[PDB]
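Just below is one structure, and these are the notes that go with it.
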There are 6 protein chains.
Amino acid sequence: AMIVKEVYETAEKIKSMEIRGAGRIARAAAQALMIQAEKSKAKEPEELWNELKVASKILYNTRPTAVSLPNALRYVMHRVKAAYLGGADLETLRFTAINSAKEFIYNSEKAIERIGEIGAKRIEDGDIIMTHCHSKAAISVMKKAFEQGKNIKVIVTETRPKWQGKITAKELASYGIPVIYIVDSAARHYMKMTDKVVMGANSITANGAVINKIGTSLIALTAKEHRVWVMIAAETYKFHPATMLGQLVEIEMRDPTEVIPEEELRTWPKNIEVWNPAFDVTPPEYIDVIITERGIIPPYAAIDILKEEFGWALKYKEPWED
Amino acid sequence: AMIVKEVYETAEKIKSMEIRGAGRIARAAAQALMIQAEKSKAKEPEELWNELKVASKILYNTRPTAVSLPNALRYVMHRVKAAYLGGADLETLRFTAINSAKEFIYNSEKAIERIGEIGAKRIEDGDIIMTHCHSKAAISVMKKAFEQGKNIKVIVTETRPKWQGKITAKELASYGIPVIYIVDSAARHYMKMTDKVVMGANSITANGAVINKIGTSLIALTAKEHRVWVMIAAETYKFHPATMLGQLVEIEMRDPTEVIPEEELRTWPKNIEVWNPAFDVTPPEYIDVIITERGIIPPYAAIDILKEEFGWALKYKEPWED
Amino acid sequence: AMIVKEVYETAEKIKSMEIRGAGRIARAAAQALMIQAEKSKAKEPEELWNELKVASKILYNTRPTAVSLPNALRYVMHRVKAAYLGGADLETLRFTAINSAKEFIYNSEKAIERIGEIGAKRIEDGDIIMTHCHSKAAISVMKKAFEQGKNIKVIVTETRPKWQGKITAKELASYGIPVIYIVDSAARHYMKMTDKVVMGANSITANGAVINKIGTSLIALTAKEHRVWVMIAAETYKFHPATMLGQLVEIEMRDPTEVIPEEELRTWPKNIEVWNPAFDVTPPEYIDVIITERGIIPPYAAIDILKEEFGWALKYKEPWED
Amino acid sequence: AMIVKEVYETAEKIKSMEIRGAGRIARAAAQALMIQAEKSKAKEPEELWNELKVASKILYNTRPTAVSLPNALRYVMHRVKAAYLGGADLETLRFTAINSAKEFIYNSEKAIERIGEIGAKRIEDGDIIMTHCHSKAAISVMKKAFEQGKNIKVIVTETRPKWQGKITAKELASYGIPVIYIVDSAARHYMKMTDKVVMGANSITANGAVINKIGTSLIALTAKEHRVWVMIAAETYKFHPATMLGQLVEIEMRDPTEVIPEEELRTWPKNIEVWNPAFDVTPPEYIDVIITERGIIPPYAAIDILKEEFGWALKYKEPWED
Amino acid sequence: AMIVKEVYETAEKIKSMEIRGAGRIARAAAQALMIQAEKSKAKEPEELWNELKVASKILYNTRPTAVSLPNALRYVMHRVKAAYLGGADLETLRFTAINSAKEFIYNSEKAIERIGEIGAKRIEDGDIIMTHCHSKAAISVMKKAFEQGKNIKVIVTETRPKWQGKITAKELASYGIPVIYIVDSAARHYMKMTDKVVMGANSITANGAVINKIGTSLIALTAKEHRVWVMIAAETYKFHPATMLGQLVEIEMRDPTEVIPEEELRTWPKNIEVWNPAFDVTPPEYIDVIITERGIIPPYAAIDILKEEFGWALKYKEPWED
Amino acid sequence: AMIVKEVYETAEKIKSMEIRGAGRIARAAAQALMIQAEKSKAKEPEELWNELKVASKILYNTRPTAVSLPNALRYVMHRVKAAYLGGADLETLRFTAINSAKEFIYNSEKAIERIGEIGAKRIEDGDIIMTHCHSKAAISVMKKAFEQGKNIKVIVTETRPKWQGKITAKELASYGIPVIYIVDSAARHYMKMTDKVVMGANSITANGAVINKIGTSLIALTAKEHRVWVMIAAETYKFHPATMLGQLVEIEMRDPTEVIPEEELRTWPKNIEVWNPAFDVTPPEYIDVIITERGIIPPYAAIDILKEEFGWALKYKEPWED
Ligand SMILES: Nc1ncnc2c1ncn2[C@@H]1O[C@H](COP(=O)(O)O)[C@@H](O)[C@H]1O
Ligand SMILES: O=P(O)(O)OC[C@H]1O[C@H](OP(=O)(O)O)[C@H](O)[C@@H]1O
Ligand SMILES: O=P(O)(O)OC[C@H]1O[C@H](OP(=O)(O)O)[C@H](O)[C@@H]1O
Ligand SMILES: O=P(O)(O)OC[C@H]1O[C@H](OP(=O)(O)O)[C@H](O)[C@@H]1O
Ligand SMILES: O=P(O)(O)OC[C@H]1O[C@H](OP(=O)(O)O)[C@H](O)[C@@H]1O
Ligand SMILES: O=P(O)(O)OC[C@H]1O[C@H](OP(=O)(O)O)[C@H](O)[C@@H]1O
Ligand SMILES: [K+]
Ligand SMILES: [K+]
Ligand SMILES: [K+]
């Protein structure tokens, strides 16, 4: 019940997308549980255990679609839970939580560097790469390919409604990479000059489907139409455990004013509904490879990544639940 | 040549897209020649003929892609040239121009009505319709189907960068028609609930391809993927004669500042290029029917429309050439 | 208002499908018009005119999907009407109706044997041909090719619910053509051994789509999948003039007792709805050729059959109307 | 050689399809093995062993296509065999056979209700689901989802020739699920209004293909065409171990009298062959997921189900062999 | 019966492909009938008529697949036949034949220049064009595009068995055009760098299929897979009249030694058959446009080219027949 | 290092393709290391280790694409390196090399046999099989299916530029198997009569793509178009480990003079470039099954083969690196 302010501020900052990107919100959430355990004034283990459960619930209940976030929380709290239930005293608990969270953060950072190097071998000198939204994993691949001296150009899609495309373009251009910026609508038109597509992921399902930023399934579709390789750069913690047992992933519907600003929308008629899905779902048939920190897989090998990292936990409850 | 200010002003408003839409700019160019003819101070028929040629060229060099405009100019000018060359006197030439421009304007208005009556028959009670940009021809269909008492909803795509979807959404709402407004990236995600696609055209080619607002081809692609009928509402003067003899249609590239506003765009590094094609091309295999004022055709019958109405002219030079 | 029993008997027999097959029902309506004229006790030209308009409406309100039937009634009534409006006396009108029926009925027979001759040229020695329902035009093709000494075998799908495939199997076998009889569900399984598919049509639209017995579109889809030629054998009076101006064809829904017999259906619970559609719609992209009495066309040239033989009549009302 | 009548009665009832459905026949063969052990008048361990090998062969030679049946006989006989070869006395062997049957039979029941639970998670409120034949695993899915309070409707294809769709329709309606009953030919026509397809399996191969009731592959093809999820609900004992080493599955050809009744068939000429295939084969590319009792897989992970649970046994001979 | 040697020598030279290419053999055949009429020693018209029939039969019976050849013969002999049957005297016949043949030859030459100019507008600066075999029509397009200053490169396929690819490569390279020469097998591999495909035709059917050099259908297929425009450059006399009435085009099977030289094949075992089809058939769905001397058409407009140039003659016998 | 002439001679014969075929060159490289080890005059184990490393590199730098060769070298050298580093004396090192090379050679021969026994089960009585190049693995399948008494015919493609089809045709004929020999361009034209496609592989990637003789991808493309099973017969040592970590396979570009002989080629102008890729890449969606010595897999299960047998090594440098 004695939740420190950094937990609430991180939760809010995930909700408002001031902190965004599936990897980042997962690291931020691990960091929040880390600080809760740093600054906790609890005396008993039972007390700190209970603070960490509640912090974890607050953080889970921010944004639903990227399983990166629950997987972060799980990574920390499977360990914290095993400690507490094994009889660890206060400081043995405090450290288990803090250290588990530090592990996840470090492993996330290393995973992304690694995805960069693996994916870059798939990029060739002269390539024109089209990307969508702003994905650290995808940018790692493109950045690495450029540092290897491959002379590349990236077609960056603006990525409505929230313009993540702007971030992507200034970022790649600041590393020296030539950028071509277009609207989402122009993806087919420019698919004819594109050699490779590199996008990220928020959740990957057991059958190989990729839930990523709205628009992704379209770029994928047309890439298939033209035989351009769709490469999804994604850490293993993007893979979605509960899809193993039949769960559909929730698609986050965000506020209509991200599309039509409040000052404008209030003046619009009542029979207009504005629908603002945050993600769509791309089928495995439109994906060439998924580049994980453990290597290149075909998208249908997602079930293998999950069988072996994740499946064990599905017979238990979540490690923050009563 | 002494060109009236209405010609210059029309030309600027077409360039700037204050006046926009394929059919409307064609009416605005007819109108402009009408007014050059009305307000002319010419004494000799050669002097007026010269004014009409120069005005025609000013209007021609506004926007390239939509062939409606050239076709409107031709409709007036073939007739003006036949009179002048057949020895018409000043007033008979003036009236030929005025009256030809009027006929085109009236024919365009009636054709749009007829297109609506025709396309509406293919809309069924309960249909969810997806559209793109703001096409008067497409809208005529939706408007008439609603007026027949069919309960429809229209999914309207915002149509970046110039946001024509806003015009379409407000217009359909004003007639009583519920709208679902979405970003362009969401067209595949909502194709699964869509019963019909209805878009316009700027130019249609001899092989049946449809040049229309940027992103049209994406929507038609995923429509096909999903077996949703793609219906293109379009006047005969949208069909492109020069394509009969192999001409490719120029795709208008518009200012970067429509995509990114000038204030923001001047802050960006020089190795980001903003590219803003205003149209793409949708191949005939992704189009179910074209709905013209003379009936439903498959897209490959575009050559028939071109043969029977515009082929005759391709042996002659352009009717405004001096 | 004095309508002869034969008109009523034909109508009732078209409704119960005792008279069936798109061509046959058309000939039966023409026959009925002919007999209404032959047996008329009408003493005035206006009195006969009124009997024929009324017989036409009775006949038109039997089965809606096959345009063959109304195109037959048209052929006659356009001619009856031009006579009546030109001032024709009684026996001139009676004869115009008698000799218009005769003409259509004889032209139907000639068209069907000519489709035989043309279609048989696309059947090759050794061919295995799959068909569906019982189409006289399809059968003419197959029977002619067997008479050219080509060793063929026909796969006859049983064609639920009304078992028309039994008629086809006994018919083709009676000519000495070996038949393979299968359930409809088995059409994909046998498509691998099939060389050609030959089916009939109830109506063909302006854009090339073919409305024919329920199932036809599935057989056509898997035929496309396997690159087996789908050939549609159809008289020019199967082409649907109203589709030129956007009309959709109504799909006859027939009695659920044709699917589940009345004795058994009455015992079933109300929360099972039985839906019996008599036709489906096959898109033009899955049709290699339509074989008409005037030649082979790609399905997209359906609009030409229509433009050249039927379009004239769409500016007038139906010839049996007040 | 002293085989108890129940074994003979089960075999005859699997042959006539009085006992049918891949799971049920498997449980029935296990039940029969169990009763052969219970009622055996055998005084030696070698005498019982020999009765069970012989009962197994009788049961295996009933219907070939569904691997479920031999995987059941295996489950038991592998265990009977290891006992017998380990030196087991009589009542130890009798019990090993009794308790292996029991185990398989109970595990079949648990597997089928677990597929219910997992599969139901992919059904969404409002869904219209098409199915085919009568599959207990498919039905468990649909029934569980209805018990979660999701308003669904099921389209039941009648499933010629043996009319299994009648069993499915009455079953689902008995649980209060509204049903739409249609002929098989109508599956493309209704695919446009279908949200999900759920079908069972008789055998699933190493590369993902699904052998199931004749028709299944057509429904799957048009489902793919329309981007409707095709979900296969199947116990792990439907997976076919011999396909790992290249074996193809035999397609049972059943009596032509199931298609044309004997009373009518005898009147037909000899040059009509009636071919009644009980199953077809659906390729993996047209299957979105297999739902097993252990999870959701892409169809290409069938080889893992097999590698991990069955492959061990392929270096030995069949457990009922000499 | 008094056939001059140039007729026999041309026939033989067509048979051996010393004269080849569909246009060329058509011109050569017209030329042969021209010389027969130059050097004829006939006295009566009836005598010369009879020489021209027999010359025509000799020339027709050379190579079967390119309808260019019969259409040449027809063009000359429809005119010669009308003259003779109208009562023309010897010299009026002699000139009719000679002049008709001179017309065809000139019109063929002009048609090809014209196809060149039309097709070249479809070629863009920088384009890499893949072609197949050696087609004058296709080369006209590429040559013209290069003379317009478009900087192009052509991928020339070797075109087994007869190596026409060598001719094509030396020809284009002698005009200054950069050539990349590859084997037929590499067409897919290099389809990714190709912007346009330009091939010729031997016969074009009523439904839009293109019979062209063996291999054409493959290049077309993969071009569709990659969305590369397939442009077929072809004169109207390549279009095939009798396909209007159901005729399949014969595919010429040429001597096995063109594949395996005689010195080698004689040593090969008896159970090896060498099959050497000269042409395959490409479906209309894989063709973007057909470029005729009358302009760009979609391939399904082939029936229109035939309806209007050719259909009239199909109610008559050939103009060389008794 | 004193390298025996057998190493140098093997290396030259691999380069020149005197010894060719993916599997054979791998055996020839094992063999060559065997012989370096047998005939070595080394006194110290370090001196032999050095010889084995240098020989390994000479053999590695022969031909790049087929990963069988590197894998054979690795099989021997991992084991040689473990011995040398574990302190083996001269003779124990010599024998480790000799014996490792022998095991690889024996395993390769047995694997090819097993592949035949496995693939043959998927060949049915009456099958027409199309193959490409000369693959011992594919041939083992065809040979065994014939020996099982299945009546097969094989369509053999000539496989330019090096004409490996000649080897395949003579070899299959010599076993009794009828052959149809065709040029590569005719593969689509004969796909319509083909029941099965059976080819080999040089390298198979982590995502399931198959690098095989130039034109393989074309044949698989049209096979897919036609629903003909594409089966790839291939040993586990054809699977490519470095692709697990993103490596793309180099495609061997061979001398222009294989395509055009040197005598002819020196006469050609310098602006013709002959390009001779020896392989292409066939994507996994066009492959039905890969038949390895351990069973049938779908192509996407290539990652499983790579994980379970070769992944372990990718953390270590190459076992011949100094
Ligand atoms: N050089 C290469 N090395 C490894 N994999 C490749 C290479 N080139 C293409 N691929 C893969 O093989 C397939 C070829 O696809 P496409 O580029 O459509 O021909 C894709 O699945 C790629 O991931
Ligand atoms: O983890 P990284 O690769 O950085 O981004 C992965 C994905 O998460 C983001 O979602 P949002 O912007 O938070 O909704 C984008 O959809 C992006 O592709
Ligand atoms: O003639 P209507 O149907 O109104 O418009 C047709 C098309 O012209 C417009 O172009 P723009 O907005 O002027 O660039 C849009 O592309 C629209 O679909
Ligand atoms: O195991 P469950 O899911 O009940 O049924 C599986 C399958 O078995 C049935 O076969 P048949 O009626 O025995 O020929 C049907 O093909 C059904 O899909
Ligand atoms: O008329 P042009 O365009 O020159 O050639 C047309 C076609 O005829 C040739 O046949 P062949 O070499 O005579 O069998 C080639 O197939 C070529 O594409
Ligand atoms: O191992 P096996 O099955 O014999 O051969 C496999 C493949 O290797 C060969 O390459 P090349 O002829 O050496 O360039 C061919 O591509 C062939 O299909
Ligand atoms: K591209
Ligand atoms: K390309
Ligand atoms: K085939």
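No hydrogens, no waters, no symmetry mates; every other heavy atom, side chains included, goes into these values. Within every chain, numbering begins at 1; the chains are lettered A, B, ... in the order of the sequence lines, protein sequences first and strands thereafter.
For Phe279(C), the part lying near chain D is the backbone, with the side chain staying farther off; criterion is any non-hydrogen pair under 4.5 Å. In this structure, no portion of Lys270(C) lies under 4.5 Å from any heavy atom of chain D. Only the side chain of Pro269(C) comes within contact range of chain D, judged by heavy atoms closer than 4.5 Å. Proximity to chain D (any heavy atom under 4.5 Å) is shown, for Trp275(C), by both the backbone and the side chain. Using a 4.5 Å cut-off between heavy atoms, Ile251(C) touches chain D through its side chain atoms alone.
With a 4.5 Å cut-off on side-chain heavy atoms, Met130(C) and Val154(C) do not count as touching. Side-chain contact between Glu225(D) and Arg188(D): present, with at least one pair of heavy atoms (C-beta onward) separated by less than 4.5 Å.
Interface check for chain D: of the options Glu264(C), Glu158(C), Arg160(C), the most heavy-atom pairs under 4.5 Å are formed by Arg160(C). Highest contact tally toward chain C, considering only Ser217(D), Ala187(D), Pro178(D), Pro256(D), is held by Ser217(D) [criterion: heavy-atom pairs under 4.5 Å]. Contact count against chain D (heavy-atom pairs under 4.5 Å) is highest for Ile272(C) among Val183(C), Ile272(C), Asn276(C). Residue with the most contacts toward chain D among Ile219(C), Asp280(C), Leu218(C), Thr222(C): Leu218(C) (heavy-atom pairs, distance under 4.5 Å). When the candidates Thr157(C), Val156(C), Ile260(C), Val281(C) are compared by the number of heavy-atom contacts under 4.5 Å with chain D, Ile260(C) comes out ahead. Contacts with chain C were tallied for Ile180(D), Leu172(D), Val274(D); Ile180(D) has the most, counting heavy-atom pairs under 4.5 Å.
If you check the side chains of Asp184(D) and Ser185(C), you find a donor sitting under 3.5 Å from an acceptor. Between the side chains of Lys162(C) and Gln164(C), not a single donor N or O lies within less than 3.5 Å of an accepting N or O.
Heavy-atom contacts from other residues, nucleotides or ligands closer than 6.0 Å to NZ of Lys192(C) number more than 12.
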Starting from the C-alpha separation in whole Å, work towards a yes-or-no answer on side-chain contact (heavy atoms from CB on, under 4.5 Å) for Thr257(D) and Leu265(D). CA-CA 7 Å; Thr257(D) 54; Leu265(D) 192 48; 4.1 Å; yes
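No salt bridge links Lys144(C) with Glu147(C); every basic N to acidic carboxylate O contact stays at or beyond 4.0 Å.
A cation-pi arrangement, defined by a distance under 6.0 Å to the six-membered ring centre and an angle within 45 degrees of its axis, is present between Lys143(C) and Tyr175(C).
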